[PDB]
Amino acid sequence: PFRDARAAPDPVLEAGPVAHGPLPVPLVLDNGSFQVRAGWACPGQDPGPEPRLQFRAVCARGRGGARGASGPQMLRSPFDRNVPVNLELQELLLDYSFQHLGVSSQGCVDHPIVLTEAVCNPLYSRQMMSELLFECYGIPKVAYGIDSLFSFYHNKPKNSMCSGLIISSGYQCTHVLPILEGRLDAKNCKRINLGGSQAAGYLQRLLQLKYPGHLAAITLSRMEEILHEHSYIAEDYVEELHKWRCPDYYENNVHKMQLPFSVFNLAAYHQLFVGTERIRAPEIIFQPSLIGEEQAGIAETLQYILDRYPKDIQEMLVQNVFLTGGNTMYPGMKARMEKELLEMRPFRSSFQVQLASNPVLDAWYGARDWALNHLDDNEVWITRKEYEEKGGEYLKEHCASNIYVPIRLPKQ
DNA sequence: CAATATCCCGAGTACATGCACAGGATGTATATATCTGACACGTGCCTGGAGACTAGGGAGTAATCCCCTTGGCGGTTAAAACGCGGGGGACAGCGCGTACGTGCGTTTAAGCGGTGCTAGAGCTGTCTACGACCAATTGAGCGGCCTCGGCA
Ligand SMILES: Nc1ncnc2c1ncn2[C@@H]1O[C@H](COP(=O)(O)OP(=O)(O)O)[C@@H](O)[C@H]1O
């Protein structure tokens with residue numbers, strides 16, 4: 001039976017939890033598309049004690065017009081396909097986050113910040129995100145990095161130079177990232193235009209067509225439960241669906257999702273039987289052709305990037321296949337990935353598949369551990385004055401960050 | 001002549017209508033405007049006129065029986081009228097849509113310069129289609145040979 005989600009927690013703090021040693025403790029801000037995750041670096045403690053503000057990245061303002069609201073509670077959100085592209089709907093998302101974390105007082109946030117961004121970020125987008133940050137909030141110095149690569153940095157066996165493929169899958173994108181000597185080989189990195197949002201959207205539209213008698217009973221927040229709790233990824237889809245074909249297996253494995261009641265009441269207050277549907281929603285990232293979409297999918301793409309290298313460095317970078325982010329949470333994901341990988345390697349060769357320690361939070365914990373180390377490496381950060389000579393389309397090439405290129409944007 | 005029916009006249013009957021009222025949105029009122037197109041001017045075409053001639057058609061007639069037209073036909077139901085059934089008719093309320101208002105932002109119109117699409121050109125330059133004629137076919141009717149039924 002379905003549950004309902006929680007809302008409106010009580011995060012309130014003093015003006016700044018400044019510890020011993022250096023006073024400018026940075027904010028660690030994972031600016032996610034599904035949800036934002038934000039908090040103080042809190043140095044000198046091994047386990048990250050409190051990743052506060054776990055909240056959905058969505059805002060309310062309706063037919064009333066005169067007000068808007070920002071916490072977990074018609075709706076809007078600041079992103080287009082995992083790049084932020086909104087003005088004040090970004091501000092009132094930052095404002096919520098700062099106010100609930102506490103801030104000093106004066107006409108700026110006194111603390112430096114580390115902020116996640118898109119695997120590639122359009123130059124205009126980076127420029128705007130820098131302007132909307134330095135101008136309005138007055139931050140002293142800033143760092144941009146990629147969610148996935150922070151999660152890798154967290155999960156590495158050692159704080160040392162590495163190579164691998166990162167497999168990442170968030171709200172509206174999945175990416176395959178080849179990395180060599182700690183550097184993202186962004187020349188031949190690739191992404192797929194699908195993700196967990198689109199899975200839920202498909203599972204919704206399926207069950208709407210299965211039970212037209214009660215369109216209103218099924219809605220995204222209930223699709224979330226069946227997709228998180230009750231769905232799994234096949235080892236081989238055309239074989240799973242084949243064992244699902246016989247009634248004696250079906251009845252033993254179909255999921256009985258009881259709606260809340262007011263004929264045994266199921267003619268409207270149905271038990272929403274999900275069978276094959278609990279496979280067809282996860283599978284979208286491996287076979288986007290279950291939707292209309294003609295793209296290679298996470299299987300053909302991995303082969304298509306992996307055959308663009310010399311045969312020795314393939315055998316190097318496949319030694320660390322890493323799973324992180326959103327959709328990798330499905331049960332069975334490691335097994336499907338390592339089976340699909342076994343067919344596309346030399347007959348006796350070796351590979352290894354690692355799953356992130358906490359697939360959803362390790363991006364933030366990574367950004368924490370990174371900033372807490374690189375406090376004083378002033379070649380890594382963008383300082384407030386640099387933004388006055390370099391127009392905002394500028395970045396500092398540390399590991400776990402997008403590849404910079406010399407370029408400039410006309411503005412007046 | 002009797003009977004069912006339509007017509008006609010006066011009592012008694014809700015509300016419909018015509019009115020008065022407040023007030024609001026728009027019709028007026030003035031000044032300005034360019035430009036539609038009025039008007040004026042020739043250009044050049046066809047609408048018309050005007051002849052000579054054949055041949056196609058039209059008009060006429062003649063004969064006539066097909067078709068219409070009529071009477072009288074025989075056969076069966078729409079109408080008449082009644083009994084008889086249920087169904088169209090008159091109140092209580094829910095809330096869903098429609099409207100309407102707000103702020104939603106998509107697109108068009110305009111004016112910009114460049115340029116290639118189309119629509120008037122040809123004797124284009126032929127040659128599909130247009131007569132012109134020939135040939136095949138079927139069908140129908142008229143002679144001609146031959147078994148049999150009713151009559152000497
Ligand atoms: N436990 C889970 N099982 C399955 N899917 C999950 C789970 N938790 C989150 N998701 C999916 O993860 C996606 C969001 O992941 P996230 O890393 O926050 O995205 P991003 O970094 O792009 O904002 C959502 O589409 C959601 O459906």
# chains A, B, ... in the order shown; residues from 1 in each chain; ligands from 1
>>> residues_near_ligand(ligand="ligand 1", cutoff="7 Å", atoms="only C-alpha atoms (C1' of nucleotides) and all ligand atoms", output="list in words")
residues 32, 33, 34, 35, 82, 147, 169, 170, 171, 172, 173, 195, 196, 197, 200, 224, 227, 228, 229, 325, 326, 327, 329, 330 and 360 of chain A
>>> write_last_selection(atoms="N, CA and C atoms", output="compact mmCIF listing (two decimals), in the first residue's frame")
# COMPACT_ATOMS: atom_id res chain seq x y z
N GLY A 32 21.59 20.04 -7.41
CA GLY A 32 20.93 19.04 -8.22
C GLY A 32 19.65 19.53 -8.91
N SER A 33 19.28 18.79 -9.95
CA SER A 33 18.13 19.03 -10.81
C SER A 33 16.86 18.43 -10.20
N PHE A 34 16.99 17.29 -9.53
CA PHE A 34 15.87 16.68 -8.83
C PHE A 34 15.71 17.33 -7.49
N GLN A 35 16.83 17.45 -6.78
CA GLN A 35 16.84 17.98 -5.43
C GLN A 35 18.17 18.69 -5.18
N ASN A 82 19.07 19.47 -16.84
CA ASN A 82 20.22 19.47 -15.93
C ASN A 82 21.20 20.65 -16.07
N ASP A 147 29.33 16.59 -10.15
CA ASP A 147 28.75 15.69 -9.15
C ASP A 147 29.38 14.31 -9.13
N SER A 169 23.77 8.66 -13.69
CA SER A 169 22.39 8.68 -14.15
C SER A 169 21.47 9.42 -13.17
N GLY A 170 21.20 10.70 -13.47
CA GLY A 170 20.43 11.58 -12.59
C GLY A 170 19.01 11.80 -13.11
N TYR A 171 18.47 12.99 -12.89
CA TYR A 171 17.06 13.21 -13.16
C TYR A 171 16.75 13.12 -14.66
N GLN A 172 17.51 13.83 -15.51
CA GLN A 172 17.13 14.01 -16.91
C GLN A 172 18.28 13.65 -17.86
N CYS A 173 19.38 13.05 -17.33
CA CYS A 173 20.50 12.60 -18.15
C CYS A 173 21.24 11.43 -17.54
N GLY A 195 16.66 9.60 -18.31
CA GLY A 195 16.96 9.51 -16.90
C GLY A 195 15.72 9.22 -16.06
N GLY A 196 15.82 9.20 -14.74
CA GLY A 196 14.76 8.70 -13.86
C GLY A 196 13.45 9.49 -13.92
N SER A 197 13.50 10.76 -14.32
CA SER A 197 12.30 11.53 -14.58
C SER A 197 11.46 10.85 -15.66
N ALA A 200 9.71 7.56 -14.66
CA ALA A 200 8.50 7.77 -13.90
C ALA A 200 7.38 8.24 -14.83
N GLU A 224 6.74 7.47 -7.86
CA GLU A 224 8.02 7.41 -7.17
C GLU A 224 8.10 6.16 -6.31
N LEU A 227 8.59 2.96 -8.32
CA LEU A 227 9.85 2.99 -9.03
C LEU A 227 11.04 2.86 -8.09
N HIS A 228 10.95 3.35 -6.85
CA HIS A 228 12.01 3.21 -5.86
C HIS A 228 11.98 1.86 -5.13
N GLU A 229 10.80 1.43 -4.67
CA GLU A 229 10.67 0.30 -3.76
C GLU A 229 10.51 -1.02 -4.53
N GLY A 325 25.06 7.95 -8.81
CA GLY A 325 23.93 8.83 -9.09
C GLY A 325 22.59 8.10 -9.17
N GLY A 326 21.50 8.83 -8.86
CA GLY A 326 20.11 8.47 -9.15
C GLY A 326 19.84 7.01 -9.56
N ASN A 327 19.63 6.76 -10.87
CA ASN A 327 19.10 5.50 -11.36
C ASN A 327 19.95 4.27 -10.99
N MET A 329 20.60 3.19 -8.31
CA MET A 329 20.07 2.66 -7.08
C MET A 329 19.24 1.40 -7.29
N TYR A 330 18.76 1.15 -8.51
CA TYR A 330 17.92 -0.02 -8.77
C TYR A 330 18.62 -1.33 -8.38
N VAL A 360 23.52 8.40 -4.05
CA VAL A 360 22.85 9.69 -4.16
C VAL A 360 23.59 10.78 -3.37
>>> interface_residues(of="chain A", to="chain B", cutoff="12 Å", atoms="only C-alpha atoms (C1' of nucleotides)", output="list in words")
residues 62, 63, 64, 65 and 66 of chain A
>>> select_by_dssp(residues="segment 71-291 of chain A", states="strand (DSSP E)", output="PDB file with N, CA and C atoms, in the first residue's frame")
ATOM      1  N   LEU A  75       3.433  24.227 -10.089  1.00  0.00           N
ATOM      2  CA  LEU A  75       4.835  24.271  -9.655  1.00  0.00           C
ATOM      3  C   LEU A  75       5.789  24.613 -10.811  1.00  0.00           C
ATOM      4  N   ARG A  76       7.018  25.046 -10.470  1.00  0.00           N
ATOM      5  CA  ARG A  76       8.080  25.365 -11.427  1.00  0.00           C
ATOM      6  C   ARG A  76       9.442  24.940 -10.849  1.00  0.00           C
ATOM      7  N   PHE A  79      15.699  24.419 -13.847  1.00  0.00           N
ATOM      8  CA  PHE A  79      16.531  23.737 -14.825  1.00  0.00           C
ATOM      9  C   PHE A  79      15.822  23.512 -16.166  1.00  0.00           C
ATOM     10  N   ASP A  80      16.639  23.446 -17.227  1.00  0.00           N
ATOM     11  CA  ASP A  80      16.309  22.751 -18.463  1.00  0.00           C
ATOM     12  C   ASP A  80      17.371  21.659 -18.689  1.00  0.00           C
ATOM     13  N   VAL A  83      20.876  21.700 -16.849  1.00  0.00           N
ATOM     14  CA  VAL A  83      21.578  22.980 -16.755  1.00  0.00           C
ATOM     15  C   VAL A  83      20.630  24.058 -16.216  1.00  0.00           C
ATOM     16  N   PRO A  84      21.007  24.853 -15.179  1.00  0.00           N
ATOM     17  CA  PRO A  84      20.116  25.889 -14.648  1.00  0.00           C
ATOM     18  C   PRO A  84      20.026  27.057 -15.631  1.00  0.00           C
ATOM     19  N   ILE A 113      32.504  28.977  -1.566  1.00  0.00           N
ATOM     20  CA  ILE A 113      31.566  27.889  -1.838  1.00  0.00           C
ATOM     21  C   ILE A 113      32.068  26.970  -2.958  1.00  0.00           C
ATOM     22  N   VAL A 114      31.731  25.675  -2.818  1.00  0.00           N
ATOM     23  CA  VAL A 114      31.956  24.687  -3.862  1.00  0.00           C
ATOM     24  C   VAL A 114      30.601  24.201  -4.388  1.00  0.00           C
ATOM     25  N   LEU A 115      30.451  24.223  -5.721  1.00  0.00           N
ATOM     26  CA  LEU A 115      29.149  24.167  -6.383  1.00  0.00           C
ATOM     27  C   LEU A 115      29.190  23.180  -7.551  1.00  0.00           C
ATOM     28  N   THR A 116      28.220  22.248  -7.639  1.00  0.00           N
ATOM     29  CA  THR A 116      28.191  21.279  -8.735  1.00  0.00           C
ATOM     30  C   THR A 116      27.602  21.897  -9.992  1.00  0.00           C
ATOM     31  N   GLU A 117      28.079  21.456 -11.151  1.00  0.00           N
ATOM     32  CA  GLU A 117      27.567  21.924 -12.439  1.00  0.00           C
ATOM     33  C   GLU A 117      27.512  20.791 -13.478  1.00  0.00           C
ATOM     34  N   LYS A 141      35.367  33.628  -2.810  1.00  0.00           N
ATOM     35  CA  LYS A 141      35.927  32.749  -3.831  1.00  0.00           C
ATOM     36  C   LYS A 141      35.046  31.510  -4.048  1.00  0.00           C
ATOM     37  N   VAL A 142      35.102  30.968  -5.284  1.00  0.00           N
ATOM     38  CA  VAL A 142      34.144  29.994  -5.808  1.00  0.00           C
ATOM     39  C   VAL A 142      34.880  28.829  -6.471  1.00  0.00           C
ATOM     40  N   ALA A 143      34.300  27.617  -6.369  1.00  0.00           N
ATOM     41  CA  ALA A 143      34.791  26.445  -7.096  1.00  0.00           C
ATOM     42  C   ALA A 143      33.647  25.698  -7.788  1.00  0.00           C
ATOM     43  N   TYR A 144      33.851  25.351  -9.073  1.00  0.00           N
ATOM     44  CA  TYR A 144      32.900  24.533  -9.809  1.00  0.00           C
ATOM     45  C   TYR A 144      33.445  23.127 -10.050  1.00  0.00           C
ATOM     46  N   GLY A 145      32.629  22.088  -9.815  1.00  0.00           N
ATOM     47  CA  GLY A 145      33.009  20.714 -10.110  1.00  0.00           C
ATOM     48  C   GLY A 145      31.817  19.864 -10.543  1.00  0.00           C
ATOM     49  N   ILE A 146      32.071  18.630 -10.979  1.00  0.00           N
ATOM     50  CA  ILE A 146      31.010  17.770 -11.489  1.00  0.00           C
ATOM     51  C   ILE A 146      30.627  16.731 -10.418  1.00  0.00           C
ATOM     52  N   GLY A 164      39.454   5.444 -15.251  1.00  0.00           N
ATOM     53  CA  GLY A 164      38.205   4.690 -15.069  1.00  0.00           C
ATOM     54  C   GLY A 164      37.167   5.161 -16.093  1.00  0.00           C
ATOM     55  N   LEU A 165      36.015   4.468 -16.160  1.00  0.00           N
ATOM     56  CA  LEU A 165      34.795   5.034 -16.725  1.00  0.00           C
ATOM     57  C   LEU A 165      33.854   5.328 -15.568  1.00  0.00           C
ATOM     58  N   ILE A 166      33.213   6.503 -15.591  1.00  0.00           N
ATOM     59  CA  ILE A 166      32.150   6.794 -14.654  1.00  0.00           C
ATOM     60  C   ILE A 166      30.842   6.622 -15.393  1.00  0.00           C
ATOM     61  N   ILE A 167      29.932   5.824 -14.807  1.00  0.00           N
ATOM     62  CA  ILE A 167      28.558   5.694 -15.271  1.00  0.00           C
ATOM     63  C   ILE A 167      27.639   6.438 -14.300  1.00  0.00           C
ATOM     64  N   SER A 168      26.941   7.452 -14.813  1.00  0.00           N
ATOM     65  CA  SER A 168      26.194   8.404 -13.992  1.00  0.00           C
ATOM     66  C   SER A 168      24.782   8.535 -14.553  1.00  0.00           C
ATOM     67  N   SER A 169      23.770   8.662 -13.689  1.00  0.00           N
ATOM     68  CA  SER A 169      22.388   8.678 -14.154  1.00  0.00           C
ATOM     69  C   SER A 169      21.475   9.424 -13.169  1.00  0.00           C
ATOM     70  N   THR A 174      21.842  10.569 -18.405  1.00  0.00           N
ATOM     71  CA  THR A 174      22.918   9.666 -17.986  1.00  0.00           C
ATOM     72  C   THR A 174      24.174   9.948 -18.815  1.00  0.00           C
ATOM     73  N   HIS A 175      25.356   9.863 -18.188  1.00  0.00           N
ATOM     74  CA  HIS A 175      26.595  10.124 -18.903  1.00  0.00           C
ATOM     75  C   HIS A 175      27.569   8.969 -18.682  1.00  0.00           C
ATOM     76  N   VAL A 176      28.393   8.750 -19.727  1.00  0.00           N
ATOM     77  CA  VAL A 176      29.560   7.887 -19.659  1.00  0.00           C
ATOM     78  C   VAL A 176      30.813   8.752 -19.737  1.00  0.00           C
ATOM     79  N   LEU A 177      31.607   8.761 -18.654  1.00  0.00           N
ATOM     80  CA  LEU A 177      32.759   9.651 -18.570  1.00  0.00           C
ATOM     81  C   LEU A 177      34.036   8.822 -18.514  1.00  0.00           C
ATOM     82  N   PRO A 178      34.857   8.815 -19.593  1.00  0.00           N
ATOM     83  CA  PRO A 178      36.186   8.201 -19.514  1.00  0.00           C
ATOM     84  C   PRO A 178      37.167   9.172 -18.874  1.00  0.00           C
ATOM     85  N   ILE A 179      37.895   8.724 -17.841  1.00  0.00           N
ATOM     86  CA  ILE A 179      38.906   9.564 -17.196  1.00  0.00           C
ATOM     87  C   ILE A 179      40.285   8.891 -17.210  1.00  0.00           C
ATOM     88  N   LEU A 180      41.320   9.696 -17.534  1.00  0.00           N
ATOM     89  CA  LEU A 180      42.709   9.260 -17.681  1.00  0.00           C
ATOM     90  C   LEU A 180      43.653  10.175 -16.903  1.00  0.00           C
ATOM     91  N   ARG A 183      42.211  13.180 -15.289  1.00  0.00           N
ATOM     92  CA  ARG A 183      41.620  14.172 -16.177  1.00  0.00           C
ATOM     93  C   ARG A 183      40.437  13.576 -16.948  1.00  0.00           C
ATOM     94  N   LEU A 184      39.324  14.307 -17.015  1.00  0.00           N
ATOM     95  CA  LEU A 184      38.184  13.907 -17.823  1.00  0.00           C
ATOM     96  C   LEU A 184      38.539  14.066 -19.306  1.00  0.00           C
ATOM     97  N   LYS A 190      30.464  11.054 -23.667  1.00  0.00           N
ATOM     98  CA  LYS A 190      29.136  11.048 -24.290  1.00  0.00           C
ATOM     99  C   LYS A 190      28.022  10.942 -23.223  1.00  0.00           C
ATOM    100  N   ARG A 191      26.815  11.472 -23.560  1.00  0.00           N
ATOM    101  CA  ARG A 191      25.643  11.340 -22.707  1.00  0.00           C
ATOM    102  C   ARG A 191      24.377  10.946 -23.467  1.00  0.00           C
ATOM    103  N   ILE A 192      23.434  10.394 -22.686  1.00  0.00           N
ATOM    104  CA  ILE A 192      22.156   9.928 -23.189  1.00  0.00           C
ATOM    105  C   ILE A 192      21.040  10.794 -22.615  1.00  0.00           C
TER     106      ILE A 192
END
>>> atom_distance(atom1="atom CA of residue 305 of chain A", atom2="atom CA of residue 189 of chain A")
7.4 Å
>>> select_by_dssp(residues="segment 355-391 of chain A", states="helix (DSSP H, G or I)", output="PyMOL selection string")
chain A and resi 362-373+386-388
>>> residues_around(residues="residue 286 of chain A", least_positions_apart="4", cutoff="12 Å", atoms="only C-alpha atoms (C1' of nucleotides)", output="number ranges by chain")
A: 169, 174, 192-195, 199, 233-237, 279-282, 290-291, 293-302, 327-328, 333, 336-337, 340
>>> write_last_selection(atoms="N, CA and C atoms", output="JSON list (two decimals), in the first residue's frame")
[["chain", "number", "residue", "atom", "x", "y", "z"],
["A", 169, "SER", "N", 23.77, 8.66, -13.69],
["A", 169, "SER", "CA", 22.39, 8.68, -14.15],
["A", 169, "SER", "C", 21.47, 9.42, -13.17],
["A", 174, "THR", "N", 21.84, 10.57, -18.41],
["A", 174, "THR", "CA", 22.92, 9.67, -17.99],
["A", 174, "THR", "C", 24.17, 9.95, -18.82],
["A", 192, "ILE", "N", 23.43, 10.39, -22.69],
["A", 192, "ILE", "CA", 22.16, 9.93, -23.19],
["A", 192, "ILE", "C", 21.04, 10.79, -22.62],
["A", 193, "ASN", "N", 20.15, 11.25, -23.50],
["A", 193, "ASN", "CA", 19.14, 12.23, -23.16],
["A", 193, "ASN", "C", 17.96, 11.66, -22.36],
["A", 194, "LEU", "N", 18.17, 10.67, -21.47],
["A", 194, "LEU", "CA", 17.12, 10.03, -20.68],
["A", 194, "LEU", "C", 17.60, 9.83, -19.24],
["A", 195, "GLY", "N", 16.66, 9.60, -18.31],
["A", 195, "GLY", "CA", 16.96, 9.51, -16.90],
["A", 195, "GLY", "C", 15.72, 9.22, -16.06],
["A", 199, "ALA", "N", 11.54, 7.77, -16.83],
["A", 199, "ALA", "CA", 11.05, 6.48, -16.36],
["A", 199, "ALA", "C", 9.75, 6.62, -15.59],
["A", 233, "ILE", "N", 16.02, -4.02, -12.41],
["A", 233, "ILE", "CA", 16.60, -4.01, -13.74],
["A", 233, "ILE", "C", 17.00, -5.45, -14.11],
["A", 234, "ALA", "N", 16.64, -5.89, -15.32],
["A", 234, "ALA", "CA", 16.81, -7.28, -15.72],
["A", 234, "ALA", "C", 18.30, -7.60, -15.91],
["A", 235, "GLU", "N", 18.70, -8.88, -15.75],
["A", 235, "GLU", "CA", 19.99, -9.27, -16.31],
["A", 235, "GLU", "C", 19.92, -9.34, -17.84],
["A", 236, "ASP", "N", 18.84, -9.94, -18.38],
["A", 236, "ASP", "CA", 18.59, -9.86, -19.81],
["A", 236, "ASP", "C", 17.10, -9.75, -20.07],
["A", 237, "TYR", "N", 16.72, -8.62, -20.65],
["A", 237, "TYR", "CA", 15.34, -8.20, -20.67],
["A", 237, "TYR", "C", 14.46, -9.21, -21.42],
["A", 279, "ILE", "N", 9.54, -3.88, -14.88],
["A", 279, "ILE", "CA", 10.77, -4.01, -15.67],
["A", 279, "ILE", "C", 10.85, -2.91, -16.72],
["A", 280, "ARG", "N", 9.74, -2.68, -17.44],
["A", 280, "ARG", "CA", 9.75, -1.71, -18.53],
["A", 280, "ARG", "C", 10.08, -0.26, -18.11],
["A", 281, "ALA", "N", 9.94, 0.11, -16.83],
["A", 281, "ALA", "CA", 10.29, 1.45, -16.40],
["A", 281, "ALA", "C", 11.80, 1.57, -16.17],
["A", 282, "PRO", "N", 12.47, 0.75, -15.34],
["A", 282, "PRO", "CA", 13.93, 0.79, -15.29],
["A", 282, "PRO", "C", 14.65, 0.71, -16.64],
["A", 290, "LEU", "N", 12.22, 1.79, -26.13],
["A", 290, "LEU", "CA", 10.94, 1.51, -25.48],
["A", 290, "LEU", "C", 10.04, 2.75, -25.49],
["A", 291, "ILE", "N", 10.66, 3.93, -25.44],
["A", 291, "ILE", "CA", 10.05, 5.20, -25.81],
["A", 291, "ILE", "C", 10.25, 5.33, -27.33],
["A", 293, "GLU", "N", 12.59, 7.13, -28.65],
["A", 293, "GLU", "CA", 13.87, 7.80, -28.84],
["A", 293, "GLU", "C", 14.97, 6.90, -29.44],
["A", 294, "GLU", "N", 15.58, 7.37, -30.55],
["A", 294, "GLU", "CA", 16.65, 6.65, -31.25],
["A", 294, "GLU", "C", 18.04, 7.15, -30.81],
["A", 295, "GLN", "N", 18.55, 6.53, -29.75],
["A", 295, "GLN", "CA", 19.89, 6.74, -29.26],
["A", 295, "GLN", "C", 20.43, 5.42, -28.74],
["A", 296, "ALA", "N", 21.74, 5.38, -28.59],
["A", 296, "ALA", "CA", 22.45, 4.13, -28.48],
["A", 296, "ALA", "C", 22.11, 3.45, -27.15],
["A", 297, "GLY", "N", 21.81, 4.20, -26.12],
["A", 297, "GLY", "CA", 21.59, 3.48, -24.87],
["A", 297, "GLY", "C", 22.90, 3.09, -24.17],
["A", 298, "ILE", "N", 22.83, 2.75, -22.88],
["A", 298, "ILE", "CA", 24.01, 2.71, -22.03],
["A", 298, "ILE", "C", 24.94, 1.56, -22.41],
["A", 299, "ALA", "N", 24.44, 0.60, -23.18],
["A", 299, "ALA", "CA", 25.20, -0.57, -23.64],
["A", 299, "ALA", "C", 26.00, -0.25, -24.90],
["A", 300, "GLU", "N", 25.34, 0.12, -26.02],
["A", 300, "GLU", "CA", 26.06, 0.46, -27.24],
["A", 300, "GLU", "C", 26.97, 1.68, -27.08],
["A", 301, "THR", "N", 26.60, 2.68, -26.25],
["A", 301, "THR", "CA", 27.46, 3.83, -26.06],
["A", 301, "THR", "C", 28.77, 3.42, -25.41],
["A", 302, "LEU", "N", 28.74, 2.56, -24.40],
["A", 302, "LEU", "CA", 29.97, 2.20, -23.71],
["A", 302, "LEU", "C", 30.93, 1.51, -24.67],
["A", 327, "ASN", "N", 19.63, 6.76, -10.87],
["A", 327, "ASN", "CA", 19.10, 5.50, -11.36],
["A", 327, "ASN", "C", 19.95, 4.27, -10.99],
["A", 328, "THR", "N", 21.25, 4.43, -10.71],
["A", 328, "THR", "CA", 22.04, 3.27, -10.34],
["A", 328, "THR", "C", 21.56, 2.59, -9.03],
["A", 333, "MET", "N", 21.52, -3.77, -10.71],
["A", 333, "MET", "CA", 22.19, -2.91, -11.69],
["A", 333, "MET", "C", 23.63, -3.35, -11.96],
["A", 336, "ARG", "N", 23.56, -6.64, -14.19],
["A", 336, "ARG", "CA", 23.25, -6.34, -15.58],
["A", 336, "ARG", "C", 24.42, -5.67, -16.25],
["A", 337, "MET", "N", 25.06, -4.74, -15.57],
["A", 337, "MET", "CA", 26.16, -4.04, -16.19],
["A", 337, "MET", "C", 27.34, -5.00, -16.40],
["A", 340, "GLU", "N", 26.60, -7.43, -19.35],
["A", 340, "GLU", "CA", 26.60, -6.75, -20.62],
["A", 340, "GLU", "C", 28.03, -6.41, -21.01]]
>>> atom_distance(atom1="atom CA of residue 56 of chain A", atom2="atom CA of residue 277 of chain A")
25.8 Å
>>> residues_around(residues="segment 18-26 of chain A", least_positions_apart="6", cutoff="10 Å", atoms="only C-alpha atoms (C1' of nucleotides)", output="list in words")
residues 39, 40, 41, 42, 43, 44, 110, 111, 112, 113, 114, 140, 141, 142, 368, 371, 372, 375 and 376 of chain A
>>> atom_distance(atom1="atom CA of residue 369 of chain A", atom2="atom CA of residue 48 of chain A")
8.7 Å
>>> decode(residues="segment 36-70 of chain B", atoms="C-alpha atoms (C1' of nucleotides)", output="PDB file, in the first residue's frame")
ATOM      1  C1'  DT B  36      -7.391  56.176 -52.886  1.00  0.00           C
ATOM      2  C1'  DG B  37      -8.696  56.554 -56.887  1.00  0.00           C
ATOM      3  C1'  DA B  38     -11.123  60.208 -59.678  1.00  0.00           C
ATOM      4  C1'  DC B  39     -10.209  61.971 -63.558  1.00  0.00           C
ATOM      5  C1'  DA B  40      -8.190  62.902 -67.039  1.00  0.00           C
ATOM      6  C1'  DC B  41      -5.499  61.341 -70.989  1.00  0.00           C
ATOM      7  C1'  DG B  42      -4.494  58.461 -74.992  1.00  0.00           C
ATOM      8  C1'  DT B  43      -3.817  52.789 -77.017  1.00  0.00           C
ATOM      9  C1'  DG B  44      -5.121  49.434 -79.650  1.00  0.00           C
ATOM     10  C1'  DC B  45      -8.779  45.432 -80.015  1.00  0.00           C
ATOM     11  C1'  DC B  46     -12.690  43.309 -80.684  1.00  0.00           C
ATOM     12  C1'  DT B  47     -17.083  43.869 -80.987  1.00  0.00           C
ATOM     13  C1'  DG B  48     -19.248  44.542 -84.631  1.00  0.00           C
ATOM     14  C1'  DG B  49     -20.412  44.886 -89.093  1.00  0.00           C
ATOM     15  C1'  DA B  50     -21.231  43.046 -93.893  1.00  0.00           C
ATOM     16  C1'  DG B  51     -20.897  39.047 -98.229  1.00  0.00           C
ATOM     17  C1'  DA B  52     -20.961  34.700-100.590  1.00  0.00           C
ATOM     18  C1'  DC B  53     -21.814  30.155-100.322  1.00  0.00           C
ATOM     19  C1'  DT B  54     -22.843  25.561 -99.351  1.00  0.00           C
ATOM     20  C1'  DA B  55     -25.122  21.732 -96.755  1.00  0.00           C
ATOM     21  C1'  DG B  56     -27.480  20.761 -92.562  1.00  0.00           C
ATOM     22  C1'  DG B  57     -31.179  21.311 -90.612  1.00  0.00           C
ATOM     23  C1'  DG B  58     -35.711  22.536 -90.238  1.00  0.00           C
ATOM     24  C1'  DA B  59     -40.301  22.342 -91.576  1.00  0.00           C
ATOM     25  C1'  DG B  60     -43.559  20.082 -93.681  1.00  0.00           C
ATOM     26  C1'  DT B  61     -46.406  16.039 -94.615  1.00  0.00           C
ATOM     27  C1'  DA B  62     -48.396  11.071 -94.392  1.00  0.00           C
ATOM     28  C1'  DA B  63     -49.569   7.048 -92.330  1.00  0.00           C
ATOM     29  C1'  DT B  64     -50.652   4.863 -88.103  1.00  0.00           C
ATOM     30  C1'  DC B  65     -51.164   2.257 -83.488  1.00  0.00           C
ATOM     31  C1'  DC B  66     -48.734   3.001 -79.385  1.00  0.00           C
ATOM     32  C1'  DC B  67     -49.613   4.668 -75.578  1.00  0.00           C
ATOM     33  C1'  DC B  68     -52.531   6.961 -73.285  1.00  0.00           C
ATOM     34  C1'  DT B  69     -56.886   6.995 -71.595  1.00  0.00           C
ATOM     35  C1'  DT B  70     -61.235   5.088 -69.576  1.00  0.00           C
TER      36       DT B  70
END
